[PDB]
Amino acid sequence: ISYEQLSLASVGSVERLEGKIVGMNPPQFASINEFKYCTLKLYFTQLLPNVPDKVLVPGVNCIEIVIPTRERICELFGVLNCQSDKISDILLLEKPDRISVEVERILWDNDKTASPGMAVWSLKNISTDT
């Protein structure tokens, strides 16, 4: 299936996905300061995004998309909107509106001597249309 095969994608890969953002991690937060150490992750799927009952499983069911820095979070969402209620409305989690994203497979090498580095999907582009 697509998410299992996407999870095998090598660093450098760029994919266009269409569907819905069905969740974020962490699901609650109050300011940009929450993301000094913690990372904002989005969950994306075009497979039964609606069904209540849905148990998300990143890499089989949906993909995890990291927004890697506070600066990138701000660029996309604005520092003034960086509370989970507001990001939720912006990402249309409670609405049927479809989303299109370009994601990029990056080597995400965290802090100093690493964590170590891991391969993750990061948000290249996002359209709240169409």
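For every residue, the number given is its place in the sequence shown, counted from 1.
When the two stretches 23-31 and 46-54 are set side by side, the higher mean Cα temperature factor goes to 46-54. Mean CA temperature factor is higher for 33-41 when stretches 33-41 and 65-73 are set side by side in the entry. Across the options 14, 17, 9, 107, the residue with the most elevated CA B-factor in the record is 107. In the PDB entry, a CA B factor belonging to the highest third of its chain's modelled residues is recorded for residue 1.
When the CA B factors of the chain's modelled residues are split into thirds, the value for residue 94 lands in the highest one. Among all modelled residues in this chain, the alpha-carbon of residue 83 has a temperature factor (C-alpha) in the highest third.
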